[PDB]
Amino acid sequence: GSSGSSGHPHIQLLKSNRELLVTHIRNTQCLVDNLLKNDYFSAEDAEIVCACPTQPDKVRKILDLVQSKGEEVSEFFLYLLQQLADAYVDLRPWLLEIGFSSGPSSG
């Protein structure tokens with residue numbers, strides 16, 4: 001009778017900062033619109049997000065959904081936070097602390 005621990009460097013980042021992401025993130029429809037076109041969020045999934053009463057609920061709902069899928073979607077969902085961070089206000093210093101991207105940008 002033994003057991004190990006879990007990891008998921010991408011999924012853990014969502015759970016750990018699940019309370020911060022709900023306070024920083026505001027636009028949820030955009031996250032779904034991009035995921036819908038990328039074939040990540042199904043009609044049944046988006047139906048749950050919009051079903052939320054407020055925004056703070058939508059963000060938490062999406063995070064729980066992505067975590068249910070796996071690292072495949074968690075990697076893409078977290079990526080959008082960076083590429084979009086350029087057009088954000090609350091999201092910026094966090095990415096700099098966790099460090100999502102790496103390596104120069106030349107070539």
# chains A, B, ... in the order shown; residues from 1 in each chain; ligands from 1

call {"tool": "residues_around", "arguments": {"residues": "range 19-27 of chain A", "least_positions_apart": "3", "cutoff": "12 Å", "atoms": "only C-alpha atoms", "output": "CSV table (one decimal) with C-alpha atoms, in the first residue's frame"}}
result
chain,number,residue,atom,x,y,z
A,13,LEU,CA,0.6,26.9,-11.6
A,14,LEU,CA,-3.1,27.3,-12.2
A,15,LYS,CA,-4.1,25.7,-8.9
A,16,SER,CA,-1.4,27.5,-6.8
A,30,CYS,CA,-11.5,35.9,-25.1
A,31,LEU,CA,-9.9,32.9,-23.5
A,32,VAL,CA,-12.8,30.8,-24.8
A,33,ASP,CA,-13.0,32.4,-28.3
A,34,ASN,CA,-9.3,31.5,-28.8
A,49,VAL,CA,-18.3,29.2,-18.3
A,50,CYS,CA,-20.9,31.6,-19.7
A,54,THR,CA,-20.3,36.8,-12.7
A,55,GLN,CA,-16.8,37.2,-14.1
A,56,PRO,CA,-14.9,35.9,-10.9
A,57,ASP,CA,-16.9,32.7,-11.4
A,58,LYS,CA,-16.1,32.3,-15.1
A,59,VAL,CA,-12.4,32.6,-14.5
A,60,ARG,CA,-12.5,29.9,-11.8
A,61,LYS,CA,-14.7,27.7,-13.9
A,62,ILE,CA,-12.3,27.8,-16.9
A,63,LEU,CA,-9.3,27.1,-14.7
A,64,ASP,CA,-11.0,24.0,-13.3
A,78,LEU,CA,-1.2,29.5,-19.9
A,80,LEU,CA,-2.4,32.8,-24.0
A,81,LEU,CA,-1.9,34.6,-20.7
A,82,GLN,CA,1.6,35.7,-21.9
A,84,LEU,CA,-2.1,38.5,-24.3
A,85,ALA,CA,-0.3,39.9,-21.2
A,87,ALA,CA,-2.7,44.0,-23.6
A,88,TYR,CA,-3.3,43.6,-19.8
A,89,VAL,CA,-2.8,45.6,-16.6
A,90,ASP,CA,-3.1,43.2,-13.7
A,91,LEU,CA,-1.1,40.5,-15.5
A,92,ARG,CA,2.6,41.3,-16.0
A,93,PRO,CA,4.7,41.1,-12.8
A,94,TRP,CA,3.5,37.6,-12.2
A,95,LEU,CA,4.8,36.1,-15.5

call {"tool": "residues_around", "arguments": {"residues": "residue 69 in chain A", "least_positions_apart": "6", "cutoff": "10 Å", "atoms": "only C-alpha atoms", "output": "NGL selection string"}}
result
:A and (11 or 40-41)

call {"tool": "closest_residue", "arguments": {"among": "A:3, A:66, A:96, A:86", "to": "residue 35 in chain A", "atoms": "only C-alpha atoms"}}
result
A:66

call {"tool": "atom_distance", "arguments": {"atom1": "CA of residue 79 in chain A", "atom2": "CA of residue 100 in chain A"}}
result
8.0 Å

call {"tool": "decode", "arguments": {"residues": "range 72-101 of chain A", "atoms": "N, CA and C atoms", "output": "mmCIF file, in the first residue's frame"}}
result
data_model
loop_
_atom_site.group_PDB
_atom_site.id
_atom_site.type_symbol
_atom_site.label_atom_id
_atom_site.label_comp_id
_atom_site.auth_asym_id
_atom_site.auth_seq_id
_atom_site.Cartn_x
_atom_site.Cartn_y
_atom_site.Cartn_z
ATOM 1 N N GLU A 72 -1.816 19.213 -21.908
ATOM 2 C CA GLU A 72 -1.958 19.583 -23.313
ATOM 3 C C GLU A 72 -2.673 20.923 -23.456
ATOM 4 N N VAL A 73 -3.783 21.078 -22.741
ATOM 5 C CA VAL A 73 -4.557 22.311 -22.789
ATOM 6 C C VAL A 73 -4.014 23.340 -21.804
ATOM 7 N N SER A 74 -3.500 22.860 -20.678
ATOM 8 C CA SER A 74 -2.947 23.739 -19.653
ATOM 9 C C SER A 74 -1.780 24.550 -20.205
ATOM 10 N N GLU A 75 -1.018 23.941 -21.110
ATOM 11 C CA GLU A 75 0.129 24.608 -21.716
ATOM 12 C C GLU A 75 -0.323 25.716 -22.661
ATOM 13 N N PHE A 76 -1.408 25.464 -23.386
ATOM 14 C CA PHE A 76 -1.943 26.440 -24.329
ATOM 15 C C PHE A 76 -2.680 27.557 -23.598
ATOM 16 N N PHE A 77 -3.472 27.182 -22.598
ATOM 17 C CA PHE A 77 -4.234 28.153 -21.821
ATOM 18 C C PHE A 77 -3.306 29.140 -21.122
ATOM 19 N N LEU A 78 -2.217 28.626 -20.559
ATOM 20 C CA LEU A 78 -1.248 29.461 -19.859
ATOM 21 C C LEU A 78 -0.462 30.324 -20.842
ATOM 22 N N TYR A 79 -0.273 29.813 -22.055
ATOM 23 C CA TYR A 79 0.465 30.536 -23.084
ATOM 24 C C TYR A 79 -0.278 31.804 -23.496
ATOM 25 N N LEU A 80 -1.597 31.694 -23.626
ATOM 26 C CA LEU A 80 -2.424 32.831 -24.016
ATOM 27 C C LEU A 80 -2.284 33.977 -23.019
ATOM 28 N N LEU A 81 -2.024 33.633 -21.762
ATOM 29 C CA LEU A 81 -1.869 34.633 -20.711
ATOM 30 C C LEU A 81 -0.637 35.501 -20.957
ATOM 31 N N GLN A 82 0.363 34.932 -21.621
ATOM 32 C CA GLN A 82 1.594 35.656 -21.916
ATOM 33 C C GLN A 82 1.437 36.519 -23.165
ATOM 34 N N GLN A 83 1.118 35.877 -24.285
ATOM 35 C CA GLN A 83 0.941 36.585 -25.550
ATOM 36 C C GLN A 83 -0.092 37.701 -25.416
ATOM 37 N N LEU A 84 -1.048 37.512 -24.513
ATOM 38 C CA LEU A 84 -2.094 38.504 -24.289
ATOM 39 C C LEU A 84 -1.695 39.490 -23.194
ATOM 40 N N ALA A 85 -0.767 39.077 -22.333
ATOM 41 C CA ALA A 85 -0.300 39.925 -21.240
ATOM 42 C C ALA A 85 0.068 41.322 -21.734
ATOM 43 N N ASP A 86 0.480 41.411 -22.995
ATOM 44 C CA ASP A 86 0.860 42.690 -23.585
ATOM 45 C C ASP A 86 -0.302 43.679 -23.544
ATOM 46 N N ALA A 87 -1.522 43.154 -23.592
ATOM 47 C CA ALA A 87 -2.716 43.990 -23.560
ATOM 48 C C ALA A 87 -3.460 43.834 -22.238
ATOM 49 N N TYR A 88 -2.707 43.734 -21.148
ATOM 50 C CA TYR A 88 -3.294 43.583 -19.823
ATOM 51 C C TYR A 88 -2.697 44.589 -18.844
ATOM 52 N N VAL A 89 -3.270 44.656 -17.647
ATOM 53 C CA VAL A 89 -2.794 45.578 -16.623
ATOM 54 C C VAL A 89 -2.454 44.838 -15.334
ATOM 55 N N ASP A 90 -3.334 43.929 -14.927
ATOM 56 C CA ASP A 90 -3.125 43.155 -13.710
ATOM 57 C C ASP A 90 -2.100 42.048 -13.937
ATOM 58 N N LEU A 91 -2.056 41.531 -15.160
ATOM 59 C CA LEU A 91 -1.120 40.467 -15.508
ATOM 60 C C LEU A 91 0.138 41.040 -16.156
ATOM 61 N N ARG A 92 1.279 40.835 -15.503
ATOM 62 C CA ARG A 92 2.553 41.330 -16.017
ATOM 63 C C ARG A 92 3.702 40.946 -15.085
ATOM 64 N N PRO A 93 3.669 41.420 -13.826
ATOM 65 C CA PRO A 93 4.717 41.118 -12.844
ATOM 66 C C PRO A 93 4.736 39.645 -12.450
ATOM 67 N N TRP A 94 3.585 38.990 -12.565
ATOM 68 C CA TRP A 94 3.474 37.578 -12.222
ATOM 69 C C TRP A 94 4.301 36.719 -13.172
ATOM 70 N N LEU A 95 4.079 36.901 -14.471
ATOM 71 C CA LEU A 95 4.804 36.143 -15.486
ATOM 72 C C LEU A 95 6.309 36.334 -15.339
ATOM 73 N N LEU A 96 6.712 37.528 -14.917
ATOM 74 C CA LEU A 96 8.126 37.838 -14.735
ATOM 75 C C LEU A 96 8.706 37.065 -13.555
ATOM 76 N N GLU A 97 7.860 36.769 -12.573
ATOM 77 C CA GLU A 97 8.290 36.035 -11.388
ATOM 78 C C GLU A 97 8.358 34.537 -11.669
ATOM 79 N N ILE A 98 7.296 34.003 -12.263
ATOM 80 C CA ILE A 98 7.236 32.581 -12.585
ATOM 81 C C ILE A 98 8.121 32.250 -13.782
ATOM 82 N N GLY A 99 8.205 33.183 -14.725
ATOM 83 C CA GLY A 99 9.020 32.971 -15.908
ATOM 84 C C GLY A 99 8.491 31.850 -16.782
ATOM 85 N N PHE A 100 7.608 32.194 -17.712
ATOM 86 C CA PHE A 100 7.025 31.207 -18.615
ATOM 87 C C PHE A 100 7.923 30.984 -19.828
ATOM 88 N N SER A 101 8.275 32.070 -20.506
ATOM 89 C CA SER A 101 9.130 31.992 -21.685
ATOM 90 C C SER A 101 10.604 32.010 -21.290
#
